[PDB]
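> Let me begin by handing over the structure; questions about it come next.
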Amino acid sequence: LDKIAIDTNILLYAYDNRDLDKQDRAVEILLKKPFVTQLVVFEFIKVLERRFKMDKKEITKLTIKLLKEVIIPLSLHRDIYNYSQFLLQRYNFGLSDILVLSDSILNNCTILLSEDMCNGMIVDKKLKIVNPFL
Amino acid sequence: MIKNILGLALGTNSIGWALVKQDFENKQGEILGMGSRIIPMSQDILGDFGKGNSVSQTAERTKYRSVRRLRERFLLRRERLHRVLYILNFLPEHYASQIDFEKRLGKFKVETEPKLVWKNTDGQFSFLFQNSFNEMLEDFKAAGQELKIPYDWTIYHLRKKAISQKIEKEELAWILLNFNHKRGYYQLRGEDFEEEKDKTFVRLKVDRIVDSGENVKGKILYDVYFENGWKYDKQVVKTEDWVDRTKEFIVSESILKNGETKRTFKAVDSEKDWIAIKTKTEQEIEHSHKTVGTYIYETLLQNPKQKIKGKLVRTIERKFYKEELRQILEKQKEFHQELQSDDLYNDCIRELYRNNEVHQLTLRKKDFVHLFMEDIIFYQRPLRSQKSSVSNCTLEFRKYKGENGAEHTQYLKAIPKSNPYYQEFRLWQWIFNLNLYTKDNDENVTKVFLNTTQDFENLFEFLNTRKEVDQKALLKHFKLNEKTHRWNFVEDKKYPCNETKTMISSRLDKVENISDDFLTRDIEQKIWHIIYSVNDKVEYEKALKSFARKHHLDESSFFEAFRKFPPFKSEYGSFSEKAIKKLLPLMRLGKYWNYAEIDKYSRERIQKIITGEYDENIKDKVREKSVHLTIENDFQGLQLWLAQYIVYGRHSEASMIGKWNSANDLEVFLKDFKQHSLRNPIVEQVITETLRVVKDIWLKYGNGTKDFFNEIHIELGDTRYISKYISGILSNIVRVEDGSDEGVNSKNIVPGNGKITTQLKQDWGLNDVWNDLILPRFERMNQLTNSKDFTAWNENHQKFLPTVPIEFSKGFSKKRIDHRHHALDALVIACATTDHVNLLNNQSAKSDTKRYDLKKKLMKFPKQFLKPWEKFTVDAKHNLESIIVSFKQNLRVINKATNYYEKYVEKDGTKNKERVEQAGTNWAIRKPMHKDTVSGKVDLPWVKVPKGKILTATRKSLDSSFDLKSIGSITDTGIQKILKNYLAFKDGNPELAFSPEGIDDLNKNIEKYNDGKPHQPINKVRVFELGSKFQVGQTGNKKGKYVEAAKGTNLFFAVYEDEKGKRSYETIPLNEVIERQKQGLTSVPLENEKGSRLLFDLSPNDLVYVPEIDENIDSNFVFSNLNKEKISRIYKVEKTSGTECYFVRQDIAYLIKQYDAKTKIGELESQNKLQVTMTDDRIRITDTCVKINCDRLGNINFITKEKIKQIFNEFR
DNA sequence: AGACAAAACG
DNA sequence: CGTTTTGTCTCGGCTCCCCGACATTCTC
Ligand SMILES: [Mg+2]
């Protein structure tokens, strides 16, 4: 009834256990097989290897496990850059966030889950950001 | 010495250009460049602009806009009716429930199609007015027709009944909306014509034709009599079609001064002439002595099969509808209290006019009757004011400083020629120009009758009293007669003589009961202003009466005199009122002349001129002309030129000549060019493209440096218009500022003639080069025809010359079948020096010797002209064989549009009407999205539908074009059966079966062709077609409308390639392009469903290169070594459909022979264009083509080291 | 009348 | 698949601004 996507922060909060409630919430999202964008996967890999210094082998294995069983990667859309340029005029965010939103919308995603994106804001009348942890 | 010469040849939609560096004295030189720019235009435009038939895109856009405007205003009227009725509590509850009254006022709620009278309960529709239906059935039974009729016919029964009986309020609302639907014909001005205005549609029979003994053209013209006792105004020759013939005319009768009717005649055809049909219907309704509604009702009682809409009453004067509605409303106001509730009237007024207190107050004095007819249903807006578009004075300006800290000029509008001031100015001018002559010896007899100021005062006094003057009146004035003298103007012509004041004085004289001094100059001006500014009947009469009250004049004969004053003709002078007021004092003489009436500056100039002192604002030509103006009293009776100079200090328009110093001036000129500024769009487009091409050439070959182009030549070959304007504009580039070159056009501009061009071409052998160039097409046509009639051997030249058989020689011309002849003509023109044009335009010498020098300098020994240089033919061939035709493209799909609408804005605690801009992004679609015909979707079980295709059916008239094959395409099977039976009964001949007489007979006897089972008459039948038609829209019933792509909208043709290498082709619908461009995305998707990457997209007029069969062009580039072979493999896209893309070689303009279904031959087969190359290899172009990009001058563009570097150097 | 868009015909 | 054939929205009224071509008279 509504295609749902996620950002890196959701999977990070899942991976982090300092915050039991937020980790629980993020894992609760993942029980719904939410969609996701490949750029989210790449950014997750980078953050894993930089902040947490985890091994390349372990990070790759976990990426494969999650992409196989829990979540669903979204095929990169060739119209991502043109649309992102279209979104930039009306929207002033980080180009990375703009790219994520561009790909999510181009895949008909109806809800995007993230914190640092001015929650509740509607992007081009096609996708409303939802902040779940509140 | 070295001269840069730029030759231009301008066609209807083509611009050939050549640039040469010639040194004629030494017979040296070389062709620097050559090319042709093509503006695509269909042959229909070329063949229609000669005669003219709405040949303009702007006119078509305006037509659509007007249609849309009428539709929108009707919808607004309906919504206002909805609001008013809902407040009045008249609408039925089920109907009112579905209409928005809060946000989208009066409109139906989204995705709803409510019907006022049909109530939907649990999926069943029931009629609302049962008792009225029963009454109508009772009336029908009384008429003895039938008892089974559609429910909706009750509307007319109610319309009849409301006139003298009470009806339910919902019925009244239905009636009112029905009236809103049909408003009738009405003309804004009105101006009831001749009180009789007979204009009566009558049908007369010819009694006899007494030959009138009027022998004309070897035949005696007969007269005509009518049983009524009327004689036809015009005589007749063809007796066969007149004797005892029942003809119908529209006769106009006017009571002539003798006291008798001056009946006129005008032949008309009923059911074919708008006026005839309208007048016939009006007369028929009037004779019945009843309102249109009851006329329709009774016609329906008599003939229950009658067609009402479009057949019985199409269009009639709005007075009928207004009278019927007034009667109905007045009668119903006697019964329904809500129509008498002042509270409800105020409520409705506030609802409609919450923000217009003035109009609210004005309406508060009226009643519901006025609100319903005058304000809501029958409110027609007046014409927009065109006064803003009037021309401006050439003399008086004003200067003011805006909020931007600039100082810009406002213009003064011209004076309406009917103005008394302009009349006086013109009369003085004519007086000064007048001068008499004697018939006998033709001597300037004047200066003896108009020699002292008294004579001129007498003449002016005489002229004022009149409205026009002529030979006899003017000669008789001086006591002179015709038999000795004349007046230097057209002997039989009349001239305006201050008709404004005349007419005013005459209508003031008819009023009587006033002293013969009321009409003074001030009162005259006031009356003229009243007549000119109040162009409205009611306003005009109110203004008349008010004027008659303020001035103590009996308003009894005054309005009678002035109520029928003819409106002034729309025409304006060159100068404004201010300039005319300034110039009149200088022009006047005698008692009408007084020194104090000259403004301060002009008086200062007069003092300076008489003094003879020195002023920078006064020229030497002044004192030369003003030698006689010694004293102030010499400043009397000054002609236009003298007074003009004195008032403003310029000897008329001296022009500015101007001189452009670089391409920047030209590009500014182009930027500030205004649309619709010339004769027609075609010449404007040609001129603007010519200027752009000239700028490109200047930049490329001279860096836009000053005086780079030594000389420019022009040729055209109706089109004459662009001959002088282009020369004048381009004079600014090739001018000389030393003073030698002065005039309308620079002396360096050298227009040519076809004589020089053709004679140079023949003498110079360029004809031979052209024949050689075009010959291969003619051998190809020979092969195609398997004959040898398209090429003829000649022994004088010992070669084949191209030719066409006589049958294919209707309008063939060897030159027009290509695009490069424009460039050839440009080259010919560029080398034709001023000597050549002078020699061949004035070859008449009066002596062999004087023109012998030009002969020797320019003609070989008079046989032929010398070449500009030794290798001219070789250079021309080599350049012509390497010319890429550049085509202008129009790929507009969406473009931003601005909307400003009136609205009440709240500022400083006040509501004020002003223009607010529309917010959000509002695009305008710059192409027709679909064809006009709309078809419905059908499912026929007895026809196979392949996947991806649908059946769509549309109504068509049954005519002779229905054969068995076509008869097999009707959706209905009973109709197919009946039609087949009828056609078989008619020997299987549709021409006989489905003629109008045949169709009438079939409708009469439908039993015999339907197994004896009854059947409704057949007039139209739904024919189906299997194809791919898309929905018009997605809201309401628009999903039920299926249409086809509009002509010339398959603008994009995508080509993808997979990893393997095979190519995929697609045609993108215009709609998808619209969404993609709205989203900021590219027009063509960069990847198809299979994931094949997009190689590129093609659009009409795009240029592609098809490599040779052996060539492997994967990363070729190197688009600079373009030889005749490479250029010969360049094609231009023409049209697209599905996966098919048609091409034509770039250098081809017109086919040697087109395709005819009978002979079945053409230069490029049935489509006049091929999907493959024309060469023997005949390879699929789309399979190996590569797109190329060319500029206005026809130079290909390919990525290079410098290009790539710059790509992100611009960003660095 | 002209020439596109697509059915229709092989 | 390659080629040819086919169908394509149509008619009425009236007013008010502008430009240009050609003639005539006059002036610079
Ligand atoms: Mg981010």
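In the structure tokens, the first chain shown is A, the next is B, and so on; residue numbers restart at 1 for each chain, and ligands run from 1 in the order shown.
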Which residues are near ligand 1 in this structure, taking near to mean any atom at most 7 Å from a ligand atom and counting only C-alpha atoms (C1' of nucleotides) and all ligand atoms? Format them as a list in words.
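I would give the residues around ligand 1 as residues 8, 96 and 97 of chain A.
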> Export N, CA and C atoms of the chosen residues as an mmCIF file, in the first residue's frame?

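New file part-v1.cif:
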```cif
data_model
loop_
_atom_site.group_PDB
_atom_site.id
_atom_site.type_symbol
_atom_site.label_atom_id
_atom_site.label_comp_id
_atom_site.auth_asym_id
_atom_site.auth_seq_id
_atom_site.Cartn_x
_atom_site.Cartn_y
_atom_site.Cartn_z
ATOM 1 N N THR A 8 20.913 5.135 5.938
ATOM 2 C CA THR A 8 21.992 4.469 6.657
ATOM 3 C C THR A 8 21.743 4.476 8.159
ATOM 4 N N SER A 96 24.483 14.182 -0.986
ATOM 5 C CA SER A 96 24.304 12.760 -0.710
ATOM 6 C C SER A 96 22.857 12.453 -0.343
ATOM 7 N N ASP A 97 22.270 13.259 0.546
ATOM 8 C CA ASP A 97 20.868 13.069 0.899
ATOM 9 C C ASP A 97 19.969 13.293 -0.309
#
```
> Could you work out which residues of chain A fall inside 8 Å of chain B? Count only C-alpha atoms, and format the result as an MDAnalysis selection string.
chainID A and resid 78:79 82:83 85:86
> Could you write out that same residue set with N, CA and C atoms as a PDB file, in the first residue's frame?

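In the end it all went to result_13.pdb:
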```
ATOM      1  N   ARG A  78      19.080   5.238 -13.722  1.00  0.00           N
ATOM      2  CA  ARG A  78      19.943   6.044 -14.573  1.00  0.00           C
ATOM      3  C   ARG A  78      19.536   7.511 -14.605  1.00  0.00           C
ATOM      4  N   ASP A  79      18.318   7.839 -14.175  1.00  0.00           N
ATOM      5  CA  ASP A  79      17.837   9.212 -14.123  1.00  0.00           C
ATOM      6  C   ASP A  79      18.116   9.869 -12.777  1.00  0.00           C
ATOM      7  N   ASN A  82      20.027  13.616 -13.230  1.00  0.00           N
ATOM      8  CA  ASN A  82      19.164  14.661 -13.766  1.00  0.00           C
ATOM      9  C   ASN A  82      18.100  15.055 -12.752  1.00  0.00           C
ATOM     10  N   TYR A  83      17.462  14.065 -12.127  1.00  0.00           N
ATOM     11  CA  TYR A  83      16.453  14.368 -11.121  1.00  0.00           C
ATOM     12  C   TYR A  83      17.068  15.097  -9.935  1.00  0.00           C
ATOM     13  N   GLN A  85      19.614  17.114  -9.937  1.00  0.00           N
ATOM     14  CA  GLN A  85      19.719  18.507 -10.358  1.00  0.00           C
ATOM     15  C   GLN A  85      18.360  19.188 -10.325  1.00  0.00           C
ATOM     16  N   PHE A  86      17.308  18.474 -10.725  1.00  0.00           N
ATOM     17  CA  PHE A  86      15.966  19.040 -10.645  1.00  0.00           C
ATOM     18  C   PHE A  86      15.575  19.318  -9.201  1.00  0.00           C
TER      19      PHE A  86
END
```
> Would you list which chain B residues are within 8 Å of chain D using only C-alpha atoms (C1' of nucleotides), as JSON, numbers by chain?
{"B": [187, 188, 274, 383, 386, 387, 389, 390, 391, 433, 488, 489, 490, 570, 639, 640, 641, 651, 677, 678, 679, 931, 932, 933, 1166]}
> Limited to N, CA and C atoms, could you put the picked residues into a file as a PDB file, in the first residue's frame?

```pdb
ATOM      1  N   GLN B 187     -25.513  40.943 -30.916  1.00  0.00           N
ATOM      2  CA  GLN B 187     -24.425  41.808 -31.351  1.00  0.00           C
ATOM      3  C   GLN B 187     -24.272  42.953 -30.362  1.00  0.00           C
ATOM      4  N   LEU B 188     -23.032  43.201 -29.942  1.00  0.00           N
ATOM      5  CA  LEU B 188     -22.791  44.098 -28.818  1.00  0.00           C
ATOM      6  C   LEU B 188     -23.258  45.514 -29.128  1.00  0.00           C
ATOM      7  N   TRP B 274     -26.565  30.805 -43.511  1.00  0.00           N
ATOM      8  CA  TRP B 274     -26.779  31.090 -42.096  1.00  0.00           C
ATOM      9  C   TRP B 274     -27.906  32.098 -41.904  1.00  0.00           C
ATOM     10  N   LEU B 383     -16.081  44.850 -25.353  1.00  0.00           N
ATOM     11  CA  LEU B 383     -14.777  44.650 -25.967  1.00  0.00           C
ATOM     12  C   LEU B 383     -13.684  45.290 -25.122  1.00  0.00           C
ATOM     13  N   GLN B 386      -8.634  49.027 -27.018  1.00  0.00           N
ATOM     14  CA  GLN B 386      -7.459  48.981 -27.875  1.00  0.00           C
ATOM     15  C   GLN B 386      -6.686  50.289 -27.876  1.00  0.00           C
ATOM     16  N   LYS B 387      -7.084  51.260 -27.052  1.00  0.00           N
ATOM     17  CA  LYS B 387      -6.419  52.556 -27.054  1.00  0.00           C
ATOM     18  C   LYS B 387      -4.949  52.452 -26.677  1.00  0.00           C
ATOM     19  N   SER B 389      -2.834  50.438 -27.813  1.00  0.00           N
ATOM     20  CA  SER B 389      -2.056  50.063 -28.984  1.00  0.00           C
ATOM     21  C   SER B 389      -1.949  51.180 -30.011  1.00  0.00           C
ATOM     22  N   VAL B 390      -2.597  52.323 -29.778  1.00  0.00           N
ATOM     23  CA  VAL B 390      -2.529  53.417 -30.735  1.00  0.00           C
ATOM     24  C   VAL B 390      -1.078  53.855 -30.914  1.00  0.00           C
ATOM     25  N   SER B 391      -0.763  54.347 -32.111  1.00  0.00           N
ATOM     26  CA  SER B 391       0.583  54.823 -32.388  1.00  0.00           C
ATOM     27  C   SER B 391       0.921  56.013 -31.496  1.00  0.00           C
ATOM     28  N   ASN B 433      -1.795  74.846 -49.453  1.00  0.00           N
ATOM     29  CA  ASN B 433      -1.396  74.149 -50.670  1.00  0.00           C
ATOM     30  C   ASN B 433      -2.243  74.536 -51.876  1.00  0.00           C
ATOM     31  N   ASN B 488      -5.920  72.890 -59.474  1.00  0.00           N
ATOM     32  CA  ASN B 488      -4.633  72.221 -59.292  1.00  0.00           C
ATOM     33  C   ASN B 488      -4.741  70.870 -58.588  1.00  0.00           C
ATOM     34  N   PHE B 489      -5.926  70.519 -58.094  1.00  0.00           N
ATOM     35  CA  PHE B 489      -6.151  69.183 -57.551  1.00  0.00           C
ATOM     36  C   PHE B 489      -6.993  68.366 -58.521  1.00  0.00           C
ATOM     37  N   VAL B 490      -7.247  67.098 -58.186  1.00  0.00           N
ATOM     38  CA  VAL B 490      -8.048  66.255 -59.062  1.00  0.00           C
ATOM     39  C   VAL B 490      -9.363  66.958 -59.353  1.00  0.00           C
ATOM     40  N   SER B 570     -12.398  55.032 -37.007  1.00  0.00           N
ATOM     41  CA  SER B 570     -11.166  54.830 -36.259  1.00  0.00           C
ATOM     42  C   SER B 570      -9.959  55.150 -37.098  1.00  0.00           C
ATOM     43  N   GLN B 639       3.694  77.341 -43.500  1.00  0.00           N
ATOM     44  CA  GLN B 639       3.377  75.981 -43.920  1.00  0.00           C
ATOM     45  C   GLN B 639       3.860  74.974 -42.886  1.00  0.00           C
ATOM     46  N   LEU B 640       3.574  73.691 -43.116  1.00  0.00           N
ATOM     47  CA  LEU B 640       3.876  72.679 -42.111  1.00  0.00           C
ATOM     48  C   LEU B 640       5.367  72.600 -41.821  1.00  0.00           C
ATOM     49  N   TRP B 641       6.199  72.607 -42.860  1.00  0.00           N
ATOM     50  CA  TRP B 641       7.633  72.412 -42.658  1.00  0.00           C
ATOM     51  C   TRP B 641       8.245  73.554 -41.850  1.00  0.00           C
ATOM     52  N   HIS B 651      14.477  69.964 -39.447  1.00  0.00           N
ATOM     53  CA  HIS B 651      13.871  70.020 -40.777  1.00  0.00           C
ATOM     54  C   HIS B 651      13.313  68.637 -41.097  1.00  0.00           C
ATOM     55  N   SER B 677       6.394  42.449 -36.307  1.00  0.00           N
ATOM     56  CA  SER B 677       6.768  43.793 -36.719  1.00  0.00           C
ATOM     57  C   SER B 677       6.767  43.987 -38.229  1.00  0.00           C
ATOM     58  N   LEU B 678       6.600  42.924 -39.007  1.00  0.00           N
ATOM     59  CA  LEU B 678       6.710  42.991 -40.458  1.00  0.00           C
ATOM     60  C   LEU B 678       5.430  42.461 -41.107  1.00  0.00           C
ATOM     61  N   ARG B 679       5.475  42.324 -42.433  1.00  0.00           N
ATOM     62  CA  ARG B 679       4.276  41.995 -43.198  1.00  0.00           C
ATOM     63  C   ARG B 679       3.625  40.714 -42.690  1.00  0.00           C
ATOM     64  N   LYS B 931      -4.841  14.433 -31.906  1.00  0.00           N
ATOM     65  CA  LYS B 931      -5.775  14.814 -32.949  1.00  0.00           C
ATOM     66  C   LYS B 931      -7.154  15.074 -32.350  1.00  0.00           C
ATOM     67  N   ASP B 932      -7.991  15.773 -33.119  1.00  0.00           N
ATOM     68  CA  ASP B 932      -9.249  16.271 -32.571  1.00  0.00           C
ATOM     69  C   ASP B 932     -10.286  15.163 -32.437  1.00  0.00           C
ATOM     70  N   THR B 933     -10.284  14.199 -33.353  1.00  0.00           N
ATOM     71  CA  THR B 933     -11.311  13.165 -33.336  1.00  0.00           C
ATOM     72  C   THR B 933     -11.177  12.300 -32.089  1.00  0.00           C
ATOM     73  N   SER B1166       6.980   4.853 -52.173  1.00  0.00           N
ATOM     74  CA  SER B1166       5.643   5.314 -51.811  1.00  0.00           C
ATOM     75  C   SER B1166       5.665   6.449 -50.797  1.00  0.00           C
TER      76      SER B1166
END
```
> Could you name the residues that touch segment 58-75 of chain A at 7 Å or less, counting only C-alpha atoms (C1' of nucleotides), but leaving out those on the same chain fewer than 4 positions away, as an NGL selection string?
:A and (30 or 33-38 or 45 or 54)
> Please provide the set of residues having any atom within 8 Å of residue 106 of chain A, restricted to only C-alpha atoms (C1' of nucleotides), with same-chain residues fewer than 2 positions apart removed, written as a compact mmCIF listing (two decimals) with N, CA, C and O atoms, in the first residue's frame.

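The file below, result.txt, is the result:
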```txt
# COMPACT_ATOMS: atom_id res chain seq x y z
N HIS A 77 18.93 3.89 -10.51
CA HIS A 77 18.17 4.45 -11.61
C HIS A 77 19.05 5.41 -12.40
O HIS A 77 19.69 6.30 -11.82
N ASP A 79 18.32 7.84 -14.17
CA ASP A 79 17.84 9.21 -14.12
C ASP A 79 18.12 9.87 -12.78
O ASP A 79 17.47 10.86 -12.43
N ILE A 80 19.06 9.33 -12.01
CA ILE A 80 19.30 9.84 -10.66
C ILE A 80 19.92 11.23 -10.71
O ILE A 80 19.53 12.13 -9.95
N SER A 102 16.49 11.13 -4.41
CA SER A 102 16.25 10.99 -5.84
C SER A 102 16.05 9.53 -6.21
O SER A 102 15.08 9.18 -6.88
N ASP A 103 16.97 8.67 -5.78
CA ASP A 103 16.84 7.26 -6.13
C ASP A 103 15.61 6.64 -5.48
O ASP A 103 14.90 5.86 -6.12
N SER A 104 15.32 7.00 -4.23
CA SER A 104 14.15 6.45 -3.56
C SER A 104 12.88 6.80 -4.33
O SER A 104 12.04 5.93 -4.60
N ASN A 108 9.70 4.72 -6.83
CA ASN A 108 8.33 4.77 -6.33
C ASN A 108 8.25 4.58 -4.82
O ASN A 108 7.19 4.24 -4.30
N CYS A 109 9.35 4.80 -4.10
CA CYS A 109 9.31 4.70 -2.65
C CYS A 109 8.36 5.76 -2.10
O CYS A 109 8.44 6.93 -2.47
```
> When DSSP is applied to the backbone of this structure, which of segment 226-413 of chain B are assigned alpha helix (DSSP H)? Write them out as a ChimeraX atom specification.
/B:274-287,292-302,318-333,342-352,357-363,368-370
> Sort by chain and increasing residue number a table of all residues of chain C within 10 Å of chain B, each with its closest pair of atoms and their distance in Å to one decimal, counting only C-alpha atoms (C1' of nucleotides), and write it as JSON lines.

```
{"residue": "C:1", "atom": "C1'", "partner": "B:44", "partner_atom": "CA", "distance": 6.9}
{"residue": "C:2", "atom": "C1'", "partner": "B:44", "partner_atom": "CA", "distance": 5.4}
{"residue": "C:3", "atom": "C1'", "partner": "B:42", "partner_atom": "CA", "distance": 7.6}
{"residue": "C:4", "atom": "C1'", "partner": "B:1047", "partner_atom": "CA", "distance": 5.2}
{"residue": "C:5", "atom": "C1'", "partner": "B:1137", "partner_atom": "CA", "distance": 6.6}
{"residue": "C:6", "atom": "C1'", "partner": "B:1137", "partner_atom": "CA", "distance": 7.6}
{"residue": "C:7", "atom": "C1'", "partner": "B:1027", "partner_atom": "CA", "distance": 7.0}
```
> Residues within 12 Å of residue 122 of chain A, please, as an NGL selection string. Count only C-alpha atoms (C1' of nucleotides); anything in the same chain fewer than 6 positions from it doesn't count.
:A and (87 or 90-91 or 101 or 105 or 110-112 or 128-130)
> Using DSSP on the backbone coordinates, identify the residues of segment 195-316 of chain B assigned to strand (DSSP E); present them as a count of residues only.
30
> Find the spatial neighbours of residue 1063 of chain B, counting only C-alpha atoms (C1' of nucleotides), within a cut-off of 10 Å - ignore same-chain residues fewer than 3 positions away - and output them as an mmCIF file with C-alpha atoms, in the first residue's frame.

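Saved file selection39.cif follows:
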```
data_model
loop_
_atom_site.group_PDB
_atom_site.id
_atom_site.type_symbol
_atom_site.label_atom_id
_atom_site.label_comp_id
_atom_site.auth_asym_id
_atom_site.auth_seq_id
_atom_site.Cartn_x
_atom_site.Cartn_y
_atom_site.Cartn_z
ATOM 1 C CA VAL B 1055 18.282 4.157 -30.237
ATOM 2 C CA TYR B 1056 19.764 1.873 -27.568
ATOM 3 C CA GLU B 1057 22.532 -0.710 -27.811
ATOM 4 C CA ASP B 1058 23.056 -3.775 -25.641
ATOM 5 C CA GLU B 1059 26.350 -5.204 -24.439
ATOM 6 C CA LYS B 1060 26.339 -7.561 -27.410
ATOM 7 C CA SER B 1092 20.104 -1.648 -23.294
ATOM 8 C CA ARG B 1093 21.996 1.633 -22.979
ATOM 9 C CA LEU B 1094 20.732 4.570 -24.982
ATOM 10 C CA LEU B 1095 23.048 5.193 -27.920
ATOM 11 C CA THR B 1182 19.444 3.093 -38.311
ATOM 12 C CA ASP B 1183 21.604 -0.041 -38.089
ATOM 13 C CA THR B 1184 24.905 1.832 -38.501
#
```
> Just how far from atom CA of residue 644 of chain B is atom CA of residue 619 of chain B, in Å to one decimal?
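Rounded to one decimal, the two atoms are 13.9 Å apart.
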